[PDB]
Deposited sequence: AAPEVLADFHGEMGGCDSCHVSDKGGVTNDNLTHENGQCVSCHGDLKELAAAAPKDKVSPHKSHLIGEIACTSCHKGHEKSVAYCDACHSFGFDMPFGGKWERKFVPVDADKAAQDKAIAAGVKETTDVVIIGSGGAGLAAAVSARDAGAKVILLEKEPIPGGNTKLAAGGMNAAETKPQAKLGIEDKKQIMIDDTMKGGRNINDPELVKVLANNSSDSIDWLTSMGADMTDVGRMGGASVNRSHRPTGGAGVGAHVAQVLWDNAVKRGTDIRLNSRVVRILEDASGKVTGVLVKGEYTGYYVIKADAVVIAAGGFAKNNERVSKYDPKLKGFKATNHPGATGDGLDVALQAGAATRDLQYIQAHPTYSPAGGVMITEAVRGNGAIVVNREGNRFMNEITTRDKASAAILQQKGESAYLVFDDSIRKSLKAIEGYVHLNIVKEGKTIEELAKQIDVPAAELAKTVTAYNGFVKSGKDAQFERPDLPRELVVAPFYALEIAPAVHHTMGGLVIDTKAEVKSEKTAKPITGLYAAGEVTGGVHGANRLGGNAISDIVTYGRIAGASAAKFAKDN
């Protein structure tokens, strides 16, 4: 392992700040400074490469030490989701065992009384889009902030985002000739959420849309290419130009701005208990290398995101998903909720767990909803259609579940390819089957040529505005310019629509007292009610930004 290979050289000193050893802080700045001092930084390393582990889509600072582990085997962090078989010096397999947020209670108790280390105004749990947005906002005229993230690298699931941030009206929308209006936001959002959605939440989720999409814009963002997500009417999923992805893009831009203002962002730092006056007094942090510690603060924003990814827990409410795969990063296991619950928060819609119908087994990645939206059709093992490809996720997950072998085949054109640039990434991942003709495509895929061809020729007829098979309301492109591609895909646990109960100010309500627990804030996937029973594609990112901002600001006035 790497620190022995380097003990052989110069000592403990090489990396650590002292000759006895040990880490100063959990972001591991010193040591990573040491790394780069002898080896160069990531751009330097990246330039040297001929798929390289030193240059990727991850956002934010990506410590050397997030892969190159000192005192233990090392693993590319890319293996949490891909299987690149890189040949990592001092290699190891990626393994994560979920450990309870409450275990080691004695230890936590012993350490709560044992001093009082730092104090700040506002603490924010998690670094995805909601926590960063909150960072900007608390910081941005108001308070001192100290955001913790448990992962070794930032941006949660936010950074994987693919297809768009919903907003209504007055976003750039103007400039493309997309005619849309606020109530249509609300109204689809209720319809997709099967009408249980907290009405006041879906309201500000409608009415702050444009501003969050302008805020992003005041910060550096590129929200201009618009498309169609399953479930809405007027086109409104904002993204970067030509079909790239908004998650990385948004995460990055709010990472920068949060860092730019004075946020004190700390990785390998998991919050394991909110501190009880019953007012929120502070937080108990388990810094991975520096041990436990208390931070006193006046407001706590909870922005830890969802629990998709914990199959134990998700199987708990919907055992249909036991054994299913997830589209999330490793961090979404519910720590947040647990922390909050211990604090006596109220939750809702915990059992409504959204599976994404088009994940790819082979690639270990989601494959965006926009591929079907720009024109792809889905095809079972027999070579035929079985569904209106732009239906709701739950219906589309259901239908592929009910098909030969539990999986199905996205099938598109050279025309759909060109038109949605996320598709170059899939191509880059070796997961896309190619055919110079549909008969060629079939052979790769192991689906019958005359049936697939008849399917595709017929689909084309439907394309002529009428799907006399499955009702697909939009038929964007014809599927007739070669080469032709396909991917097999299947449903994967993806979003948890439920969560902590909060108002339009982002306050968290107590189960017992049905009022807010004081100075306890929340925003993002960790919260409940914004999406009802079903989340619309494109509503997560807009919920996260607009609610973060509110959570931040609310927490800032508190303490002020």
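Residues of the deposited sequence with no modelled C-alpha atom fall in the ranges 1-4, 55-57, 285-286, 473, 571-572.
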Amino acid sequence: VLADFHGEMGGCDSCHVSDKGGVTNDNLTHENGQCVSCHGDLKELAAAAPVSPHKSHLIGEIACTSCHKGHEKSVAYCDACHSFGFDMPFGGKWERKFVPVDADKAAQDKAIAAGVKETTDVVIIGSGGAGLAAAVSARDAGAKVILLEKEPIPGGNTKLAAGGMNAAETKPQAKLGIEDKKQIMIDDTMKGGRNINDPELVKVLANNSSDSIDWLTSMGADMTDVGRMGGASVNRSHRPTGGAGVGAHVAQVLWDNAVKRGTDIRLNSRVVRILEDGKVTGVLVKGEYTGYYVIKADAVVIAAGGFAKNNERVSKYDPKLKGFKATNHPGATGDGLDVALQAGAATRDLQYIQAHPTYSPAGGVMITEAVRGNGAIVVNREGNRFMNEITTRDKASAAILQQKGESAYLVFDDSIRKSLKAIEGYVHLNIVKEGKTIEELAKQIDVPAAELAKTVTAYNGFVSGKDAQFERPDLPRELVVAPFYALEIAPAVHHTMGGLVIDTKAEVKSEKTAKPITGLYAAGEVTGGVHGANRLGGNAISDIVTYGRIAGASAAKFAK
From here on, numbers count along this sequence of modelled residues.
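Legend: mean Cα B-factor per stretch from the PDB entry, 148-156 versus 374-382; the higher mean is in 374-382. Note on 232-240 vs 406-414: mean CA B-factor is higher in 232-240. Within the group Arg266, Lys97, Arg273, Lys93, the record's highest C-alpha temperature factor is found at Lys97. The entry assigns its greatest Cα B factor, within the set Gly499, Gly70, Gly33, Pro50, to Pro50. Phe307: CA B factor lies in the lowest third for its chain, per the PDB record. In the PDB entry, a CA B factor belonging to the middle third of its chain's modelled residues is recorded for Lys43. Ranked by C-alpha B-factor against the other modelled residues of its chain, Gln351 falls in the lowest third.
When the modelled residues of the chain are ordered by C-alpha B-factor, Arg535 sits in the middle third. Among the modelled residues of the chain, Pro473 sits in the highest third by CA temperature factor in this PDB entry.
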